[PDB]
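Here we start with a single chain on its own, the form deposited in one PDB entry, put down as structure tokens.
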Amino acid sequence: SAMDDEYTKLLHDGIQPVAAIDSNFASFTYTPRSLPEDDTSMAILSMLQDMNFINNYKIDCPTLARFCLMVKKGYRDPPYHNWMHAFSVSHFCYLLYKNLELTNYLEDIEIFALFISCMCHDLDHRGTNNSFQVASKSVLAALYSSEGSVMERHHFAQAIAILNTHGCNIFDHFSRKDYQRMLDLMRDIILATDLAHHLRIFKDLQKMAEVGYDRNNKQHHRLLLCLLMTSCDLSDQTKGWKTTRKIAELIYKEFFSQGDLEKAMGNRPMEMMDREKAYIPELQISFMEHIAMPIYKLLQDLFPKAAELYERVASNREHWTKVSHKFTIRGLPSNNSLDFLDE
């Protein structure tokens, strides 16, 4: 029984210090996906220890170890939306705490909720978007389509189910008020990961950055939590070209699988999910320019030490422009054949 021994070690051996994981672990240059998957549960505990959440909130270590394993095991294995995505999004949250002094802008309990929301925010993803849920009349649409953010509601609900599994409630000693505040935060933060939501609140984020962040304004807290969540969710784009290239591979595999299922059902997939129509370079450029860059630009406006993130993201965009031409076949293909043209 793989999990029982894994739990034993994670509990009885002790929490390893962050620096023993990698000398560079707490820097924006680090690529969390470099960490072997078998070490990631220990890494989560190490990050929580280093942020001092274990002691500040008196988390029971047996309960925590079970919780982390249950969360990990609650991800499936589609090419992009898997445990390694949630681990890396969680790691970026840790980066922001380390590098940007969040405690000057947010309450402790808010930062904690953000991190625990990053762990849980794609739980049980099936490699399909919200609209596929509605078009295929899945069980999840039956439960949630009338409210919208179908997958995100499912993710949150899976988080709650893990919490109400016996031995997994890391918050069960909180006051009733703090318990309710944590669950409410997790709902808002995980819901914020639907990009439709982000697009709706984009102007309100702009406004906040114009007038300047007001720590006494409760709506500013909520808006910032959303922006930070989105920043963690897309943080793959703040690393190096190699990571970006690889990540695009995983996303388009996942997207194109969806499109293949849609074609089988008689539907026309959106362009970016149709392997016969998607022109990856112009799609990435558009995504980078019209969604990702403005996010990290806002983050830079609010936190001057976040400049390097924006610049990476702009640099990754230009790189796509630069390699775009390689998607045109010049000469013959490697095999020296034009057989591919009767296909």
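Think of the rigid core as the biggest set of C-alphas that the two forms share within 1.5 Å after superposition. Only residues modelled in both forms are compared. Numbering starts at 1 and runs along the sequence shown.
The following text describes the form deposited in another entry, which does not appear among the structures shown.
Here the two forms are overlaid on the core, and between this form and the one not shown the C-alpha of 137 is the only one among 203, 218, 176, 137 to shift by 2 Å or more. Residue 278 shows a C-alpha shift of 2 Å or greater between this form and the one not shown [criterion: core-superposed Cα displacement of 2 Å]. Once the rigid core is used as the reference frame, the Cα position of residue 150 differs between this form and the one not shown by 2 Å or more.
Once both forms are fitted on their core, a CA shift of 2 Å or more is seen for residue 128 between this form and the one not shown. In that other deposited form, the CA atoms of residue 148 and residue 192 come closer by at least 3 angstroms compared with the shown structure. Relative to what is shown, residue 292 and residue 145 are closer in that other deposited form; their C-alpha atoms differ in spacing by at least 3 Å. Segments of at least three consecutive residues in which every Cα is displaced by 2 Å or more between this form and the one not shown, once the core is aligned, are found at 124-153, 261-265, 270-278.
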